[PDB]
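For reference, the chain that follows is the form deposited without this ligand, supplied as structure tokens.
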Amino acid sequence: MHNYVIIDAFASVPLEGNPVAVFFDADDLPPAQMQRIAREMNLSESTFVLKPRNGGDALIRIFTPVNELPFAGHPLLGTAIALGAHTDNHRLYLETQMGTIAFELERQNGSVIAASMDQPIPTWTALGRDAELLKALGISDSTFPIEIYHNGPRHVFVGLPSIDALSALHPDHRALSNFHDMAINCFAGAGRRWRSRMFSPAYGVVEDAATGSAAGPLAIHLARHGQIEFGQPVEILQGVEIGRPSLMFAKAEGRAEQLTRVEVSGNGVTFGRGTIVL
């Protein structure tokens, strides 16, 4: 049998944020069985906590209902928060396919309520399909350059001139399906405070509550395009329009040509706990 918890990542209130199922003591499960369990659960992701193999605290394997992922933000944040119930350590080193990711855990009375991660440093370039993407979103132009970032998944960013213009988007999801192996992240805001919406046929989601692997890239995007400085944190509120508000905090240190750290943080809360029969 295995115990699991469901964590709503990037939220402090259950039914907000983005759920992940975290399965403990998973070393007896072959990967094909982990994949079947992730399919059974049908959450965006299920993760599995394994013994470490390179000096970290644990090895985490991440599965959607259909495949394994090398890196994912909200699922790793939820896993780190879940593992709080089982360690006293202030820092947690989680091994993944992209290497060991360092987390700082934040507690109140023994309960981990939030965590911060250092993400893989992305790469980026211009999308080069702007008219096609804009048509699919139903708008004429972006504010800032339309650029696509890679840190495992790929995330394209399209800027809107106001929060209301962002909420008014009703994309043609069929048209968006021509954009393979990426998520489309539309954003608006000013200063410290930004709003986002994410759409991805390629990743099997009509609209995502909290895209944790897009938060680091967005901070970089905003700094490069002069809306914040490198080293300044931003608050990104996602998922409001779909009723799953999610608050992500991000900061990118260094400069565009030499990034030294990309930090993403948020709250997490337990929605449920259970046991499975295998």
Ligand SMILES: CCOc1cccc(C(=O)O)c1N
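Note that residue numbering follows the sequence shown and begins at 1.
There is another form of the same protein, the form deposited with this ligand bound; it is not shown, and what comes next is about it.
Chemist: Could you work out which of 59, 247, 37, 69 is the residue within 4.5 angstroms of this ligand in the deposited complex, going by heavy atoms?
Modeler: Of the listed residues, the single hit is 69.
Chemist: Can you check whether residue 75 is within 4.5 Å of this ligand in the deposited complex, heavy atom basis?
Modeler: Answer yes; at least one heavy atom of residue 75 falls within 4.5 Å of this ligand in the deposited complex.
Chemist: Taking heavy atoms and a 4.5 Å cut-off, does residue 124 contact this ligand in the deposited complex?
Modeler: Residue 124 lies outside the contact set for this ligand.
Chemist: Can you check whether residue 203 is within 4.5 Å of this ligand in the deposited complex, heavy atom basis?
Modeler: Looking in the deposited complex, residue contacts with this ligand include residue 203, since a heavy atom lies within 4.5 Å.
Chemist: Spell out, yes or no, whether the shortest heavy atom distance between residue 210 and this ligand in the deposited complex is within 4.5 Å.
Modeler: Yes.
Chemist: Want to guess which of 239-247, 223-231, 24-32, 42-50 is within 4.5 Å of this ligand in the deposited complex, heavy atoms only?
Modeler: Answer to the contact question: 42-50.
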